[PDB]
Each structure stands twice: as structure tokens, then as C-alpha cells.
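Take a look at this single chain in C-alpha cells; it is the form deposited in one PDB entry.
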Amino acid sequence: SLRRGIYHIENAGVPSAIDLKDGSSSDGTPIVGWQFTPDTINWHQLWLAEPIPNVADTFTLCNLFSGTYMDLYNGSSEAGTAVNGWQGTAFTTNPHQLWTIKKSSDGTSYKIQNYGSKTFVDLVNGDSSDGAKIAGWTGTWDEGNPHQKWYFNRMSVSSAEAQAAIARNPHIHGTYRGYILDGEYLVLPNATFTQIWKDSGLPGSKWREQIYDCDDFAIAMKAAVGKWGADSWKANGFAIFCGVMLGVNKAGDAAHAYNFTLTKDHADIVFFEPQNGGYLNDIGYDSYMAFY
């Protein structure tokens, strides 16, 4: 099954992604094919898939930017029916906004079927131009048709996945936990993570003993990421991944504070030095407290 998560949805045949035109949160806003830059935040192309309680393999798809939902217009089974962004709710009973998502065929990409119409999300004619029409179209679960095949590029981790990554890291010991009970976390490309840091006021903040110390840079970074996420995205029910770790030597004579992020494959924790913007794998010693 597709996991609950944030996905960048990329067409199997041509390198277009599912784009919400200009990220508008207006009802009736077209969802179109559009190019993307990998390992960046693609602002109008991020989709939060929420699983529907007791409908198997079926999700709402909320655009992160707009906070509006992928909507098959008036639920029509007609080939060429518009797919738009439309106001909604995560666990709606509106089938215009319910999508059964299952693997093709190739066993790797998915098909996206409207729960009501039973038609599939189609990049019409496999058109790779920017703003190319996306519509509901007749199709089958097992056919090879690339217009209806989409890679679900997982952009997020669950609390469980986050814990497991921290659990396999040699530098995080003692207590480590996420605040959110079963959260979904957008893992930022380092490019984006660095952007936030650059605009945070930390680069030009001076380290000062006790009064503006390592713990403060780490905290300040995490707040900057908190604020950025809230200000940048209209969707709710997800968080931005940014850990804080607080550590001490074997000798209680040196302390360290770091932020941490995740590799793009979501397997490994990487540390971030909020004073100068460095990424680090080996910081040894460890922490007594890590949260995200």
C-alpha cells in the first residue's frame, strides 16, 4: 500500500510532475503537468496523501501550498474531465476528492483512480509541456499506459521512520523522541534546509558564552524551520523535519548542540551546525537529549 505521506508525483513516461497552477487555493484551480527541479522544494507540486479510514488503498491528496485537494470535477467518468484543486478535508466522504492509489504493472509507479468515477488521472496525450492538461480518463489497473502511471516520490517520514533512523545512529544516545504522536515530517532537501538557515539571522549571529551559546543556535534554527513551514504551507497535519540534539563529553567538560536532518533516502540522520551551516556525519561524542 502507499504510505501516508508527502509525495512529489512524477509522470512515468515524461518528466512532468503533478502541478497545482500557481499554487492557488481557489476552487477550480487546474492541476497540470509541469517540469520540476529535483532535490529542491517544488512549491506547487507537493501532495499530502491521507489514508481514508476503512476505504482500502484510498487517500485524499492535499496540495501542501494551497491546502486544497485534488478534485475530479463534478465526479464525471467522462474521458477528459478536469482535475482541479478544491477546498476539502483530509477524511472527506466526497468521492470527487477520493483517490485509490495502487502500483501498476511495472510494480514501481502507481495509478491514481477516482473512487467515485473509477477513471484514472491522465496526463493527456503524454504531453510534457508546462501547463499540460491533467484529466480523468478511462483506463485499467493493469495496462501499460504511461499517461496514467505516476512515480510517488516520497518526500516525508513518519515518527516511526524517524525513530528508526535515529536509533541506528552511533551519536544519539539517552532520550530521543518526537513530540507529535504519529507525525508526518517533510524531509527538506539540504538546499532548502540551507536556504532557511541563510535567511534565519544565524549566519550573522555572534556566539556568546552562555547568553548566545550553541543550544541557542540549535533552538533558533528549529524555530526558524517551524516558522518557515507555517508561513510557507497552507496544508495542516504535517510537520517539517528538524531535530535538536544536546550533548556532553564523557568528561563533563565540553558540550555540543546540533540540529539534524535526514538523507534524501530517509535512512540516515545527518547533523547540522547552526553556527556556520555545516553538515556533519561524525560529531562524536553523543547526546543526552534529542527531539524533533
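So that there is no doubt, residue numbering starts at 1 and follows the sequence shown. What we label the rigid core is the largest C-alpha set whose atoms superpose within 1.5 Å from one form to the other.
The following text describes the form deposited in another entry, which does not appear among the structures shown.
Any idea which of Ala251, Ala267, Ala56, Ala230 has its C-alpha shifted 2 Å or more between the shown form and the other one with the rigid core fixed?
-> The answer here is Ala251.
Core-aligned CA displacement of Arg177 at least 2 Å between the shown form and the other one | Yes; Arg177 is a residue whose C-alpha shifts (by 2 Å or more) between the shown form and the other one when the cores are overlaid.
Quick one: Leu181 and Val244 C-alpha atoms, closer or farther in the other form compared with this form (3 angstroms or more)?
-> It is closer: the C-alpha separation of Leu181 and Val244 falls by at least 3 Å in the other form.
Are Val187 and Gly178 closer or farther apart at their Cα atoms in the other form than shown, with the shift being 3 Å or more?
-> Farther apart, which means the C-alphas of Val187 and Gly178 are at least 3 Å more distant in the other form.
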